[PDB]
Amino acid sequence: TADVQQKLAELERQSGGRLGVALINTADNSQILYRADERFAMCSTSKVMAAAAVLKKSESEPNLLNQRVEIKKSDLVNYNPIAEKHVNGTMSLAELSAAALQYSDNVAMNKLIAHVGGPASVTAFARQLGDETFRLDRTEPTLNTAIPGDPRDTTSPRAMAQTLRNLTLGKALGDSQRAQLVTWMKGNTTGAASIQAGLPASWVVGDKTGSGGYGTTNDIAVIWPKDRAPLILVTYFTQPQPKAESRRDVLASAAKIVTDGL
Ligand SMILES: *[B@@-]1(O)O[C@H](CNS(=O)(=O)c2ccc(Cl)cc2)c2ccccc21
Ligand SMILES: [Cl-]
Ligand code: NA
Ligand code: NA
Ligand code: NA
């Protein structure tokens, strides 16, 4: 629809920032795209790719998710809601994956990153899946600086939507691992104000939010509408001012605009 395009342009204009949207509708294999090939800083939406990398590694290492990881005071960063409770103990890689995905715990992300070999290994995993756009450059918390013009720790909406489709609805991961990823994302606790706030209450969503510098406010989701084929939706947003506040309402509005009529 050209109208959906115009509506997203009007949202972007009023918001004052830069908006990126990619909707994949698996009912008819259609897409709605808005700046879908521009790069945006992923912030915490990158935790999906890190958890997925660990899950993939687990296909050939059955004990892997039960492996224990020490949590030290020296591991704490700037957002540790789960890990701060396990300092001087261990958490399993399953627990760290869930903490990263469902509470956006930054220590959990750093452990997933470390375990698979660092940011270039998470990036190599993306490449293995056919995503040649995703780049994870840094660890937490610096991967969230979201400086305009900086390509580090960025991807495009089109690439992340296609990759999220492969991960949650396709066959990137084994059946057990795919189910686990989707179960984790459906249990996310951080997304109610984002894409979910622009969709009917009856719809089931598995999402991962992100936020960071320059008021960057992001969400990526797999969506099961009532009695319809699933959707993938990426909404990326960032602003001109370094200390701009988050605008989750912009993502809810984009979600509402692109699902109107379904
Ligand atoms: B990353 O983008 O995710 C975490 C948490 N972000 S948040 O904005 O603090 C948030 C959003 C919604 C809820 Cl319900 C809770 C918390 C994070 C923290 C620091 C840097 C990057 C990320
Ligand atoms: Cl409703
Ligand atoms: Na991507
Ligand atoms: Na959401
Ligand atoms: Na977030």
# chains A, B, ... in the order shown; residues from 1 in each chain; ligands from 1
>>> residues_near_ligand(ligand="ligand 5", cutoff="8 Å", atoms="only C-alpha atoms and all ligand atoms", output="ChimeraX atom specification")
/A:43-45,104,190-191,208-212,217-219
>>> write_last_selection(atoms="C-alpha atoms", output="PDB file, in the first residue's frame")
ATOM      1  CA  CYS A  43      21.349  -2.136  20.867  1.00  0.00           C
ATOM      2  CA  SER A  44      19.809  -4.960  22.872  1.00  0.00           C
ATOM      3  CA  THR A  45      17.981  -6.418  19.854  1.00  0.00           C
ATOM      4  CA  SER A 104      17.769  -7.792  28.613  1.00  0.00           C
ATOM      5  CA  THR A 190      10.518  -5.770  28.412  1.00  0.00           C
ATOM      6  CA  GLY A 191       8.292  -5.303  25.371  1.00  0.00           C
ATOM      7  CA  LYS A 208      13.273  -8.371  21.873  1.00  0.00           C
ATOM      8  CA  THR A 209      13.546  -4.658  22.559  1.00  0.00           C
ATOM      9  CA  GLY A 210      16.599  -2.455  22.352  1.00  0.00           C
ATOM     10  CA  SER A 211      17.495   1.035  23.478  1.00  0.00           C
ATOM     11  CA  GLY A 212      20.622   3.130  23.678  1.00  0.00           C
ATOM     12  CA  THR A 217      14.440   2.741  20.595  1.00  0.00           C
ATOM     13  CA  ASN A 218      14.081  -0.636  18.854  1.00  0.00           C
ATOM     14  CA  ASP A 219      11.946  -3.784  18.832  1.00  0.00           C
TER      15      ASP A 219
END
>>> select_by_dssp(residues="stretch 4-253 of chain A", states="helix (DSSP H, G or I)", output="ChimeraX atom specification")
/A:4-15,43-58,64-66,73-75,83-85,93-102,106-116,119-128,142-144,157-168,175-186,195-198,248-253
>>> residues_around(residues="residue A:165", least_positions_apart="5", cutoff="8 Å", atoms="only C-alpha atoms", output="list in words")
residues 170, 222 and 232 of chain A
>>> write_last_selection(atoms="N, CA and C atoms", output="JSON list (two decimals), in the first residue's frame")
[["chain", "number", "residue", "atom", "x", "y", "z"],
["A", 170, "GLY", "N", 11.72, -20.32, 10.34],
["A", 170, "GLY", "CA", 12.45, -21.17, 9.41],
["A", 170, "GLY", "C", 13.25, -22.22, 10.15],
["A", 222, "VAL", "N", 8.36, -11.66, 16.44],
["A", 222, "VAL", "CA", 7.57, -12.63, 15.71],
["A", 222, "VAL", "C", 6.16, -12.55, 16.30],
["A", 232, "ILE", "N", 6.56, -11.24, 10.90],
["A", 232, "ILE", "CA", 7.80, -10.73, 11.48],
["A", 232, "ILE", "C", 7.80, -9.22, 11.34]]
>>> closest_atom_pairs(of="stretch 159-209 of chain A", to="stretch 121-133 of chain A", cutoff="7 Å", atoms="only C-alpha atoms", output="JSON lines")
{"residue": "A:159", "atom": "CA", "partner": "A:133", "partner_atom": "CA", "distance": 6.3}
{"residue": "A:163", "atom": "CA", "partner": "A:131", "partner_atom": "CA", "distance": 6.5}
{"residue": "A:172", "atom": "CA", "partner": "A:129", "partner_atom": "CA", "distance": 6.7}
>>> residues_near_ligand(ligand="ligand 4", cutoff="8 Å", atoms="only C-alpha atoms and all ligand atoms", output="VMD selection string")
chain A and resid 190 to 197 205 to 209 219 to 221 252
>>> write_last_selection(atoms="N, CA and C atoms", output="short mmCIF file (atom, residue, chain, number, x, y, z; two decimals), in the first residue's frame")
data_model
loop_
_atom_site.label_atom_id
_atom_site.label_comp_id
_atom_site.auth_asym_id
_atom_site.auth_seq_id
_atom_site.Cartn_x
_atom_site.Cartn_y
_atom_site.Cartn_z
N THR A 190 10.14 -7.16 28.64
CA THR A 190 10.52 -5.77 28.41
C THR A 190 9.79 -5.12 27.24
N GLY A 191 8.81 -5.79 26.63
CA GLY A 191 8.29 -5.30 25.37
C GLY A 191 6.90 -4.70 25.36
N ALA A 192 6.25 -4.59 26.52
CA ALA A 192 4.82 -4.27 26.50
C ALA A 192 4.54 -2.89 25.93
N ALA A 193 5.49 -1.97 26.04
CA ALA A 193 5.28 -0.60 25.56
C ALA A 193 5.68 -0.41 24.11
N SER A 194 6.20 -1.45 23.45
CA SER A 194 6.76 -1.28 22.12
C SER A 194 5.82 -1.84 21.06
N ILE A 195 6.29 -2.77 20.23
CA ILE A 195 5.43 -3.30 19.17
C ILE A 195 4.11 -3.80 19.74
N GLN A 196 4.17 -4.48 20.88
CA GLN A 196 2.96 -5.04 21.48
C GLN A 196 1.90 -3.98 21.74
N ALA A 197 2.31 -2.74 22.05
CA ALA A 197 1.34 -1.71 22.39
C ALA A 197 0.57 -1.21 21.18
N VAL A 205 2.86 -12.37 20.91
CA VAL A 205 4.08 -11.74 20.43
C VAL A 205 5.27 -12.33 21.17
N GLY A 206 6.35 -12.55 20.44
CA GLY A 206 7.66 -12.85 20.99
C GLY A 206 8.57 -11.76 20.46
N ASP A 207 9.14 -10.94 21.33
CA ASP A 207 9.91 -9.80 20.88
C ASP A 207 11.16 -9.62 21.72
N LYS A 208 12.09 -8.84 21.16
CA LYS A 208 13.27 -8.37 21.87
C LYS A 208 13.41 -6.88 21.63
N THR A 209 13.35 -6.10 22.70
CA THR A 209 13.55 -4.66 22.56
C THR A 209 15.02 -4.28 22.56
N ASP A 219 12.64 -2.56 18.46
CA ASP A 219 11.95 -3.78 18.83
C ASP A 219 11.91 -4.68 17.60
N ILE A 220 12.09 -5.98 17.82
CA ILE A 220 11.98 -6.97 16.75
C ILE A 220 11.11 -8.09 17.27
N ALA A 221 10.20 -8.59 16.43
CA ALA A 221 9.19 -9.47 16.95
C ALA A 221 8.75 -10.50 15.93
N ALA A 252 5.20 1.54 18.75
CA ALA A 252 3.81 1.09 18.81
C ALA A 252 3.01 1.65 17.65
#
>>> residues_near_ligand(ligand="ligand 3", cutoff="9 Å", atoms="only C-alpha atoms and all ligand atoms", output="list in words")
residues 42, 46, 49, 126, 131, 132, 133, 134, 135, 154, 155, 156, 157, 158, 159, 160, 161, 162, 163 and 164 of chain A
>>> write_last_selection(atoms="N, CA and C atoms", output="PDB file, in the first residue's frame")
ATOM      1  N   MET A  42      21.737  -1.651  16.694  1.00  0.00           N
ATOM      2  CA  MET A  42      20.776  -2.656  17.147  1.00  0.00           C
ATOM      3  C   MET A  42      20.486  -2.559  18.634  1.00  0.00           C
ATOM      4  N   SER A  46      20.310  -7.080  19.496  1.00  0.00           N
ATOM      5  CA  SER A  46      21.389  -7.987  19.110  1.00  0.00           C
ATOM      6  C   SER A  46      21.448  -9.222  20.010  1.00  0.00           C
ATOM      7  N   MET A  49      20.597 -12.582  18.362  1.00  0.00           N
ATOM      8  CA  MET A  49      21.599 -13.278  17.553  1.00  0.00           C
ATOM      9  C   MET A  49      22.609 -13.995  18.438  1.00  0.00           C
ATOM     10  N   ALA A 126      25.823 -15.063  12.023  1.00  0.00           N
ATOM     11  CA  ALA A 126      24.928 -14.388  11.097  1.00  0.00           C
ATOM     12  C   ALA A 126      25.284 -14.708   9.650  1.00  0.00           C
ATOM     13  N   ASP A 131      22.964 -13.914   6.489  1.00  0.00           N
ATOM     14  CA  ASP A 131      22.802 -12.501   6.810  1.00  0.00           C
ATOM     15  C   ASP A 131      24.167 -11.834   6.624  1.00  0.00           C
ATOM     16  N   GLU A 132      24.318 -11.048   5.560  1.00  0.00           N
ATOM     17  CA  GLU A 132      25.582 -10.387   5.252  1.00  0.00           C
ATOM     18  C   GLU A 132      25.554  -8.921   5.668  1.00  0.00           C
ATOM     19  N   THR A 133      24.566  -8.533   6.479  1.00  0.00           N
ATOM     20  CA  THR A 133      24.379  -7.151   6.902  1.00  0.00           C
ATOM     21  C   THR A 133      24.686  -6.954   8.375  1.00  0.00           C
ATOM     22  N   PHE A 134      24.159  -7.835   9.221  1.00  0.00           N
ATOM     23  CA  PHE A 134      24.394  -7.814  10.648  1.00  0.00           C
ATOM     24  C   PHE A 134      25.878  -7.688  10.969  1.00  0.00           C
ATOM     25  N   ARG A 135      26.212  -6.739  11.843  1.00  0.00           N
ATOM     26  CA  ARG A 135      27.548  -6.735  12.435  1.00  0.00           C
ATOM     27  C   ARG A 135      27.474  -6.444  13.931  1.00  0.00           C
ATOM     28  N   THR A 154      25.493  -2.463  14.078  1.00  0.00           N
ATOM     29  CA  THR A 154      24.314  -2.120  13.312  1.00  0.00           C
ATOM     30  C   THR A 154      23.847  -3.282  12.438  1.00  0.00           C
ATOM     31  N   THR A 155      22.605  -3.160  11.985  1.00  0.00           N
ATOM     32  CA  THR A 155      22.054  -3.949  10.900  1.00  0.00           C
ATOM     33  C   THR A 155      20.940  -3.120  10.279  1.00  0.00           C
ATOM     34  N   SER A 156      20.322  -3.660   9.219  1.00  0.00           N
ATOM     35  CA  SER A 156      19.206  -2.985   8.568  1.00  0.00           C
ATOM     36  C   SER A 156      17.909  -3.654   8.988  1.00  0.00           C
ATOM     37  N   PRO A 157      16.765  -2.975   8.862  1.00  0.00           N
ATOM     38  CA  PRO A 157      15.495  -3.663   9.164  1.00  0.00           C
ATOM     39  C   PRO A 157      15.200  -4.865   8.275  1.00  0.00           C
ATOM     40  N   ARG A 158      15.452  -4.762   6.971  1.00  0.00           N
ATOM     41  CA  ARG A 158      15.208  -5.879   6.073  1.00  0.00           C
ATOM     42  C   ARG A 158      16.005  -7.112   6.495  1.00  0.00           C
ATOM     43  N   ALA A 159      17.293  -6.923   6.771  1.00  0.00           N
ATOM     44  CA  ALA A 159      18.133  -8.061   7.132  1.00  0.00           C
ATOM     45  C   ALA A 159      17.693  -8.685   8.451  1.00  0.00           C
ATOM     46  N   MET A 160      17.374  -7.864   9.453  1.00  0.00           N
ATOM     47  CA  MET A 160      17.014  -8.444  10.738  1.00  0.00           C
ATOM     48  C   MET A 160      15.669  -9.147  10.668  1.00  0.00           C
ATOM     49  N   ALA A 161      14.743  -8.626   9.859  1.00  0.00           N
ATOM     50  CA  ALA A 161      13.442  -9.278   9.709  1.00  0.00           C
ATOM     51  C   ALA A 161      13.618 -10.613   8.997  1.00  0.00           C
ATOM     52  N   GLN A 162      14.413 -10.632   7.943  1.00  0.00           N
ATOM     53  CA  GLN A 162      14.648 -11.888   7.243  1.00  0.00           C
ATOM     54  C   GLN A 162      15.366 -12.880   8.144  1.00  0.00           C
ATOM     55  N   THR A 163      16.348 -12.409   8.912  1.00  0.00           N
ATOM     56  CA  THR A 163      17.052 -13.320   9.812  1.00  0.00           C
ATOM     57  C   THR A 163      16.136 -13.777  10.942  1.00  0.00           C
ATOM     58  N   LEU A 164      15.314 -12.887  11.487  1.00  0.00           N
ATOM     59  CA  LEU A 164      14.423 -13.323  12.558  1.00  0.00           C
ATOM     60  C   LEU A 164      13.420 -14.334  12.037  1.00  0.00           C
TER      61      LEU A 164
END
>>> closest_residue(among="A:199, A:66, A:234, A:184", to="residue A:257", atoms="only C-alpha atoms")
A:199
>>> closest_residue(among="A:98, A:51, A:204, A:113", to="ligand 2", atoms="only C-alpha atoms and all ligand atoms")
A:204
